[PDB]
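Protein chains in written order, with the entry's author numbering: chain A, 1 to 207; chain D, 1 to 207.
No residue lacks a Cβ here, since even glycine has one placed at the ideal position from N, Cα and C.
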Ligand SMILES: [Ca+2]
Ligand SMILES: [Ca+2]
Ligand SMILES: [Ca+2]
Ligand SMILES: [Ca+2]
Ligand SMILES: [Ca+2]
Ligand SMILES: [Ca+2]
Ligand SMILES: [Ca+2]
């Protein structure tokens, strides 16, 4: 069975007037003003308001998907003068749809790691991770790619995983023992307009 | 019966990602990738594209309600491992929601009229009309009011009808043979912020 009883509402609305949600409507409404639509449930009456004559629903406040992603409501259609139901009461949901408004955040601002000197190219150093609070199931808003801002050619980072590896042969601890790497995480798959964060990785060569 | 098989899509979208429409969903869908959502009908694949795995629908182009206000599409769902359909083909509509982006347009940029010099106050002169292409059924985007910008105190205008009538033209001791009235038409019921148009009315006096 198809699931139709839902509305989709963009988060973080900043328009001047109220944000339009959609319209409840019974195919028994002849538009003669004898029918009344009633909204109840989570947010009914303040956050979500209805035009009782037409079924039009509006949202009265800017909503944040990361705070609350879905609202469960109920719809009624009744005779205006008797209150007798014309449609059976029915549940429906208002789904808050994601925009890319959260930047990647690294689990640590400073990572500490070691790797042996004279390691072969590709030796594992450390894995960094940036989380993203946007919706991973739609679009690229939460798809993070890693890149090295500081530390090439001594090190590399896997773009999809944040795994840092050695990238230069014959690194001598006696020459330089400590390396400070900076990694960037950018969402939207690293594409134009993506939001970004950075972290610092202090790497010490061992024997 | 409740009419749930509709999505509501704001016209004139200018974002840099595809505008989200909504999601098809079958309660036979176990999120294991075995179901394939299919979109057919008016604009399917060109104006409206679907994620075959999730049922998410996007619009590929800025849409104009005044050009086309509704699209009729069909939803289908097939089982990958059997190749057989799992839902009945089902129609739904994508309804394009209005914004106030059309100003009142007068049927003529220049109207031509005459009125006898010594007519009673309130004599009919000419009716101007400014039409508004926005949605008359939502808000005041298509609610037009007329005012006189030029030609008072000689002529008045009915705010609702655009009917220009004589006012204090008989009290004009400066016997003039030519007059020019300017009417403004403003939508949003005339309230601040609405869009506006104007017209010119050339009036000649007669005996
Ligand atoms: Ca948010
Ligand atoms: Ca993000
Ligand atoms: Ca978000
Ligand atoms: Ca338009
Ligand atoms: Ca419009
Ligand atoms: Ca208008
Ligand atoms: Ca005169």
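Residue i and residue j closer than 8 Å at C-beta
i, j, result
"residue 162 of chain D", "residue 129 of chain D", "yes"
"residue 149 of chain D", "residue 107 of chain D", "no"
"residue 60 of chain D", "residue 115 of chain D", "no"
"residue 125 of chain D", "residue 113 of chain D", "yes"
"residue 189 of chain D", "residue 157 of chain D", "no"
"residue 3 of chain D", "residue 27 of chain A", "yes"
"residue 93 of chain A", "residue 70 of chain A", "yes"
Buried versus exposed, by CB contacts within 10 Å (16 or more), residue i
i, result
"residue 168 of chain D", "exposed"
"residue 7 of chain A", "buried"
"residue 194 of chain A", "buried"
"residue 100 of chain D", "buried"
"residue 183 of chain D", "buried"
"residue 21 of chain A", "buried"
"residue 233 of chain A", "Any question about residue 233 of chain A goes unanswered here, given that chain A covers just 1 to 207."
"residue 72 of chain D", "exposed"
"residue 68 of chain D", "exposed"
Beta-carbon separation (whole angstroms), residue i vs residue j, contact threshold 8 Å
i, j, result
"residue 141 of chain A", "residue 109 of chain A", "That belief does not hold up - the Cβ atoms of residue 141 of chain A and residue 109 of chain A are roughly 23 Å apart, past 8 Å."
Alpha carbon of residue i to alpha carbon of residue j, nearest angstrom
i, j, result
"residue 45 of chain A", "residue 39 of chain A", "7 Å"
"residue 104 of chain D", "residue 136 of chain D", "12 Å"
"residue 48 of chain A", "residue 57 of chain A", "7 Å"
"residue 102 of chain A", "residue 134 of chain A", "6 Å"
"residue 42 of chain A", "residue 205 of chain A", "57 Å"
"residue 174 of chain D", "residue 207 of chain D", "16 Å"
"residue 66 of chain D", "residue 143 of chain A", "37 Å"
"residue 117 of chain D", "residue 177 of chain D", "9 Å"
"residue 123 of chain A", "residue 132 of chain A", "28 Å"
"residue 29 of chain A", "residue 86 of chain A", "9 Å"
"residue 17 of chain D", "residue 196 of chain A", "18 Å"
"residue 23 of chain A", "residue 34 of chain D", "33 Å"
"residue 14 of chain D", "residue 82 of chain D", "41 Å"
"residue 1 of chain A", "residue 111 of chain D", "59 Å"
Other residues of its chain near residue i: CB distance less than 7 Å, five sequence neighbours each side excluded
i, result
"residue 36 of chain A", "52, 78 and 80"
"residue 10 of chain A", "97 and 99"
"residue 172 of chain D", "154"
"residue 12 of chain D", "62, 64, 99 and 101"
"residue 138 of chain A", "98"
"residue 226 of chain A", "Outside the displayed range of chain A (1 to 207) lies residue 226 of chain A, so it cannot be described from this structure."
Close beta carbons around residue i, own chain, < 8 Å, minus the five adjacent residues each side
i, result
"residue 191 of chain A", "140"
"residue 180 of chain D", "150, 151, 200, 201, 202 and 203"
"residue 159 of chain D", "145, 146, 147 and 190"
Cβ shell of residue i (< 6 Å), same chain only, five flanking positions each side left out
i, result
"residue 25 of chain D", "55"
"residue 74 of chain A", "40, 41, 89 and 91"
"residue 127 of chain D", "162 and 163"
"residue 147 of chain A", "184"
"residue 95 of chain A", "6, 8 and 70"
"residue 76 of chain D", "38 and 89"
"residue 221 of chain D", "There is no way to answer for residue 221 of chain D, as the model of chain D reaches only from 1 to 207."
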